[PDB]
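Colleague: Structure below; questions to follow.
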Amino acid sequence: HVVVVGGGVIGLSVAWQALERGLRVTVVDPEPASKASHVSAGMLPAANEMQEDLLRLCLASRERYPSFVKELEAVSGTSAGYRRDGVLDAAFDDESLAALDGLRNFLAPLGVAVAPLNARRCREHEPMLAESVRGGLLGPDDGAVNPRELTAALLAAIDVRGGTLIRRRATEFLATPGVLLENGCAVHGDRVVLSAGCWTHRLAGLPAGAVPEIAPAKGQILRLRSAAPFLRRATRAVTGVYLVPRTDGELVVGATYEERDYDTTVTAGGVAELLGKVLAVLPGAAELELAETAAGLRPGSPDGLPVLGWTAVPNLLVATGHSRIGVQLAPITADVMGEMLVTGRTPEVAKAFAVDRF
Amino acid sequence: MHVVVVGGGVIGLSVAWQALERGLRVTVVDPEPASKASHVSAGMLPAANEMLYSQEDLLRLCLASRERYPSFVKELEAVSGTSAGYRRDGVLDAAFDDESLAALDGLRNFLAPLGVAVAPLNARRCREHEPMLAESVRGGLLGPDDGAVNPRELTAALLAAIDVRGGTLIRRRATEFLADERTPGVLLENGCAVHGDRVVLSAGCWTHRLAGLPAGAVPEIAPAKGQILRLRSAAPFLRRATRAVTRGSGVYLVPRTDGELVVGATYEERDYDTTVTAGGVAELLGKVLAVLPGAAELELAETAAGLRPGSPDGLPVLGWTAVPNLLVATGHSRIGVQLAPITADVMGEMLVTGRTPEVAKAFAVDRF
Ligand SMILES: Cc1cc2nc3c(=O)[nH]c(=O)nc-3n(C[C@H](O)[C@H](O)[C@H](O)COP(=O)(O)OP(=O)(O)OC[C@H]3O[C@@H](n4cnc5c(N)ncnc54)[C@H](O)[C@@H]3O)c2cc1C
Ligand SMILES: Cc1cc2nc3c(=O)[nH]c(=O)nc-3n(C[C@H](O)[C@H](O)[C@H](O)COP(=O)(O)OP(=O)(O)OC[C@H]3O[C@@H](n4cnc5c(N)ncnc54)[C@H](O)[C@@H]3O)c2cc1C
Ligand SMILES: CCCCCC[C@H](CC(=O)O)SCC(=O)O
Ligand SMILES: CCCCCC[C@H](CC(=O)O)SCC(=O)O
């Protein structure tokens with residue numbers, strides 16, 4: 001029996017896979033998949049700026065995505081919203097075209113399908129790009145997922161396998177381990193896993209130093225809409241901004257990266273920045289409906305790398321600090337914590353993210 | 001006597017109220033009163049704007065409405081016991097380059113003849129009146145007797161007042177005009193009918209569209225779309241209604257007492273569409289951030305989009321139609337909130353006396 005605290009994409013995912021491996025699971029979260037995971041664009045390109053250990057974690061998660069989704073859609077009988085029709089990286093000036101050559105050279109060694117495109121061919125793949133486009137890479141095996149549909153499926157699956165969901169705040173950690181809930185009741189389990197995003201470290205009762213600081217990094221994000229999709233595929237455009245089309249006309253446009261503590265106010269400043277970026281690279285998007293503006297807090301860590309594994313406190317694990325890439329990493333995270341729970345050992349691929357490194 | 005008012009936006013609630021004030025019996029027909037252009041409107045009340053340099057008739061209409069605003073609000077707040085949201089702490093015009101500073105000298109010269117309080121301000125003094133302006137500000141005029149109203153609060157009061165005086169509100173669409181009987185009337189979506197001794201049409205850009213209207217009776221009141229946004233802070237960010245012009249176009253910025261900050265507006269040709277667009281919102285945000293750099297931090301609380309009621313020559317349409325006992329009051333485009341009160345008087349008088357006040361003659365329907 002494992003108690004998972006926080007039920008965003010990371011903790012739902014851990015909970016599901018733990019169930020898949022015969023364990024008994026309880027998820028504690030007053031509003032599951034309501035925070036960063038609700039707001040997230042869920043883009044899944046092969047890589048990004050953010051280093052070699054983390055790369056190996058990502059590529060593995062990438063390897064696993066298709067099988068993870070399929071296993072899930074089967075259990076839940078729900079769609080998860082994973083699309084694999086490719087990610088397009090587009091560059092708009094010398095400096096960003098330079099970075100793309102660097103990127104190609106980074107990706108080929110690792111058997112990631114990449115296809116360089118000249119300006120002409122960038123425009124043929126996406127007619128809606130601005131003529132100022134200079135070059136681009138297509139990564140046809142990459143794509144995007146809708147985290148809203150993914151977290152819904154995870155819930156359905158967790159339920160189907162008979163995991164419990166307690167929609168209450170965990171107010172305190174208890175020494176077997178357990179948590180106290182806002183309504184006075186307690187939940188203990190043979191293992192506790194903390195996966196509460198930027199609130200993880202804040203839970204009262206945690207022994208000093210047990211969990212590192214998971215600092216919020218605010219991100220505003222918007223969603224445009226049209227009757228039929230406007231953009232052909234997940235598209236990332238740099239001088240940057242990313243643009244994730246959904247099957248139903250939704251078009252996600254992210255993202256600001258800001259340091260504002262726990263604030264999730266949508267600001268004239270934020271929205272203008274995003275709108276400027278997207279209109280710059282997709283001039284026809286002017287008439288697209290502005291359907292939603294929103295703002296989430298990315299879970300950070302002191303060195304900006306994920307925090308997975310055992311704490312100094314016995315039977316108390318964590319799975320958090322995924323910052324900009326939790327949707328991408330969710331599946332590997334769920335395996336690695338699975339194994340950890342069952343075997344008690346730490347898979348090689350996760351060793352670099354132990355908590356004890358601080 | 002009994003007048004049926006069709007449409008209950010600011011113009012028609014206003015007409016209905018004043019008509020009641022003058023002893024008449026009134027029925028307002030509107031499925032969603034004050035939900036359209038009047039719901040979205042910023043409600044700015046500066047002394048003038050661009051449409052008035054050339055139209056001396058419309059200027060006179062506006063100035064009269066201006067004269068009347070304070071008395072109209074007071075009479076209303078009394079009857080309704082509600083606040084209407086009228087603030088008179090001034091409108092500030094600010095210029096940000098040569099070309100817009102030139103226009104302001106022109107504006108000063110336009111306004112003095114007409115006994116409108118204006119006070120020119122150098123860059124220094126612009127920044128003292130509004131600390132939040134960008135350093136690039138060049139010059140500005142203050143019009144301390146001007147200001148703004150919150151149309152949402154105004155239209156609520158009008159409703160309360162209309163009720164208090166016992167006017168009827170029928171929350172249904174008028175589907176058809178009923179013509180050629182001893183008295184005029186409208187048919188409603190639910191099959192029922194309402195006749196009255198007079199019908200007044202005041203349905204914005206829908207006015208002309210009502211079925212059963214004799215051809216040519218009402219001119220085309222073409223929709224002119226406008227997107228508009230509202231930012232917010234706990235305490236007001238801007239001291240007063242502010243209109244800022246730079247690099248050829250402008251933006252207006254209307255603070256409310258409670259932190260709301262209205263930012264308008266796009267002028268677009270999209271028929272009846274009221275979609276909020278990346279394009280629209282970006283335009284507005286750009287303009288405001290340019291002239292109020294600190295507004296970056298402000299919450300974006302609302303984005304919205306209304307349809308201004310136009311007319312073939314862009315002037316209001318008030319008075320009798322060729323159809324007997326059928327009047328109109330519409331076509332106020334960008335300035336209906338400002339004109340609402342004079343509109344209400346002029347239509348009042350018209351209803352009671354049967355004659356057309358001089359100030360309104362230039363806006364007769366028959367001019368087409
Ligand atoms: C704008 C934006 C765009 C993004 N785009 C992408 C992208 O394109 N691709 C990608 O891979 N990643 C993206 N991410 C990252 C991804 O969403 C995060 O890494 C992800 O949320 C991590 O999941 P989480 O469950 O740790 O955090 P969350 O989703 O924040 O979940 C934390 C959960 O903990 C719960 N909680 C808090 N306190 C308590 C308590 N006391 N008791 C119980 N529960 C509690 C909350 O209710 C919440 O549901 C993006 C993030 C943002 C903000
Ligand atoms: C973005 C924006 C900003 C503005 N800013 C300002 C400003 O600063 N100052 C200013 O003076 N003005 C401003 N205006 C202008 C002012 O809003 C309009 O001129 C005014 O709202 C017009 O009033 P109306 O009552 O004629 O229009 P509306 O309020 O649109 O009247 C139409 C009404 O008729 C009703 N209706 C429609 N069909 C029927 C039917 N068949 N039967 C019954 N009822 C019906 C509708 O339900 C609606 O309530 C602005 C307008 C916009 C769009
Ligand atoms: C390993 C790929 C994970 C993709 C997330 C990429 C996104 C775009 C980028 O950094 O290029 S960051 C999403 C965000 O947190 O705004
Ligand atoms: C004297 C009429 C004042 C109302 C209109 C003022 C606003 C600013 C301007 O035109 O300069 S226009 C409101 C609109 O966007 O329709």
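Colleague: Using the Cα centre of segment A:55-140 as the reference point, and only Cβ charges (+1 on K/R, -1 on D/E), how large is the resulting charge dipole? Debye, rounded to the nearest 20.
Modeller: The calculated dipole for segment A:55-140 is roughly 320 debye.
Colleague: Which of B:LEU159, B:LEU61, B:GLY140 sits closest to the plus end of the dipole of segment B:56-169, meaning its Cα is farthest towards the positive end, when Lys and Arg get +1 and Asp and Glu get -1 on the C-beta?
Modeller: Value computed over the given set: B:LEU159.
Colleague: Can you sort B:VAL288, A:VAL266, A:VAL336 by how many other beta carbons sit within 10 Å, fewest first?
Modeller: Lowest to highest Cβ neighbour count: A:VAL266, B:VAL288, A:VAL336.
Colleague: Give me A:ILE332, A:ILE166 sorted ascending by neighbouring Cβ count inside 10 Å, so fewest comes first.
Modeller: By the 10 Å Cβ count, ascending, the order reads A:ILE166, A:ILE332.
Colleague: Here's another thing I want to ask about it. Report the semi-axes of the equivalent ellipsoid for segment A:159-290 in whole Å, largest first, where each axis is √(5λ) for an eigenvalue λ of the Cα gyration tensor.
Modeller: Gyration-tensor ellipsoid for segment A:159-290: 40, 19, 12 Å.
Colleague: Over all alpha-carbon pairs of segment B:1-151, lay out the pair-distance distribution in 10 Å bins, whole %, shortest bin first.
Modeller: 10, 31, 31, 19, 8, 1
Colleague: If you don't mind, another one. Per residue of the protein assembly as shown, what 222 nm ellipticity follows from adding -39500 (n - 2.57) for every DSSP H run with n ≥ 4, rounded to the nearest 500?
Modeller: Helices in the protein assembly as shown give a 222 nm mean residue ellipticity of -9500 deg cm²/dmol.
Colleague: Near B:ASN190, within a Cβ-to-Cβ distance under 10 Å, what is the net charge of the other residues, with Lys and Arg +1 and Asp and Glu -1?
Modeller: +1
Colleague: Let me ask another. Step through the residues of segment A:128-139 one at a time and calculate ³J(HN,Hα) from phi using the Karplus curve (6.51 cos²θ - 1.76 cosθ + 1.60, θ = phi - 60°), rounding each to whole Hz and writing x for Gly and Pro.
Modeller: Taking θ as phi minus 60°, the curve returns 7, 5, 6, 4, 5, 5, 10, x, x, 10, 9, x Hz for segment A:128-139.
Colleague: Which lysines does B:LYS74 reach when only Cα atoms under 26 Å apart count, and residues fewer than 8 places away in its own chain are ignored?
Modeller: Straight-line reach from B:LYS74, under 26 Å: B:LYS36.
Colleague: Please state the relative contact order of segment B:241-350 as a whole percent: Cα pairs under 8 Å, 6+ residues apart?
Modeller: 15
Colleague: Arrange the following residues from fewest to most other Cβ atoms within 10 Å of their Cβ: A:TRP310, A:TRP16.
Modeller: A:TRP310, A:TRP16
Colleague: If you take the charge dipole of segment B:301-368 about its Cα centre, with +1 on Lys and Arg Cβ and -1 on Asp and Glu Cβ, which of B:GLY314, B:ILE342, B:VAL328 is farthest toward its positive end?
Modeller: Of the listed residues, the answer is B:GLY314.
Colleague: So, one more: Using only Cα atoms and rounding to the nearest 10 degrees, what angle (0 to 90) does helix B:56-80 make with the longest principal axis of chain B?
Modeller: 80
Colleague: What angle, in degrees between 0 and 90 and rounded to the nearest 10, separates the Cα long axis of helix B:10-21 from the longest principal axis of the Cα atoms of chain B?
Modeller: Around 60 degrees separate the two axes.
Colleague: Hey, another quick one. Tell me which residues come under 5 Å, amide H to amide H, from B:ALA222 once H is placed; ignore anything under 5 positions away on its chain.
Modeller: B:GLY310, B:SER311
Colleague: For segment B:275-350, what ratio Rg/Rh do Cα atoms give with a Kirkwood hydrodynamic radius?
Modeller: 1.18
Colleague: Roughly how tilted is helix B:151-164, in degrees to the nearest 10 and between 0 and 90, from the longest Cα axis of chain B?
Modeller: 30
Colleague: Same structure, new question: Would you pull out the residues with amide H under 5 Å of A:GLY7's amide H, same chain only if 5 or more places away, H placed 1.01 Å from N?
Modeller: A:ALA33
Colleague: Moving on to the next point. Separation of segment A:1-25 and segment A:117-190 by C-alpha centroid, Å?
Modeller: 14
Colleague: How many percent of DSSP beta bridges within chain A run antiparallel, rounded to 5?
Modeller: Bridges in chain A are about 70 percent antiparallel.
Colleague: Would you please calculate the Kirkwood hydrodynamic radius of segment B:233-333 over all C-alpha pairs and express it in Å, rounded to one decimal?
Modeller: About 16.1 Å for segment B:233-333.
Colleague: Working only with C-alpha atoms, what are the Rg and Dmax values of segment B:8-66, expressed in angstrom?
Modeller: Considering segment B:8-66 through its Cα atoms, Rg and Dmax are 14.4, 39 Å.
Colleague: To the nearest 20 Debye, how big is the dipole of segment A:114-173 about its Cα centre, given +1 on the beta carbon of each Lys and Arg and -1 on that of each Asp and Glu?
Modeller: Roughly 200 debye, rounded to the nearest 20.
Colleague: Taking the Cα centre of the protein assembly as shown as the origin and placing charges on Cβ (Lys, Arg +1; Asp, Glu -1), which of B:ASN49, A:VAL266, A:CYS198 is farthest toward the positive end of the dipole?
Modeller: A:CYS198
Colleague: In sequence order, what are the phi-derived ³J(HN,Hα) couplings for segment B:105-111 according to the Karplus relation 6.51 cos²θ - 1.76 cosθ + 1.60 with θ = phi - 60°, rounded to whole Hz, with x for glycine and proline?
Modeller: Karplus values, whole Hz, x for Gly and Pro: 4, x, 4, 3, 5, 6, 8.
Colleague: Read phi for every residue in segment A:186-198 and hand back ³J(HN,Hα) as whole Hz from Karplus 6.51 cos²θ - 1.76 cosθ + 1.60, θ = phi - 60°, with x for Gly and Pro.
Modeller: Result, ordered by residue: 10, 10, 10, x, 6, 9, 10, 10, 8, 8, 10, x, 6 Hz.
Colleague: Enter the Cα centre distance for the pair segment A:32-62 and segment B:245-262, rounded to the nearest angstrom.
Modeller: Segment A:32-62 and segment B:245-262 have Cα centres separated by 40 Å.
Colleague: Cα-Cα pairs above 35 Å in chain B: how many percent?
Modeller: 23
Colleague: Using +1 on the beta carbon of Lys and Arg, -1 on that of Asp and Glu, and nothing else charged, what's the dipole of segment B:234-313 about the Cα centre, debye to 20?
Modeller: 440
Colleague: Related question: One quarter of the convex hull surface, Cα atoms only: what value does that give for the protein assembly as shown in nm²?
Modeller: Here the figure is 37.0 nm², rounded to one decimal.
Bear in mind these aren't lab numbers, they're just calculated from the coordinates by the rules spelled out. All Cβ positions, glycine included, derive from the backbone under ideal geometry; neighbour counts span all protein chains shown.
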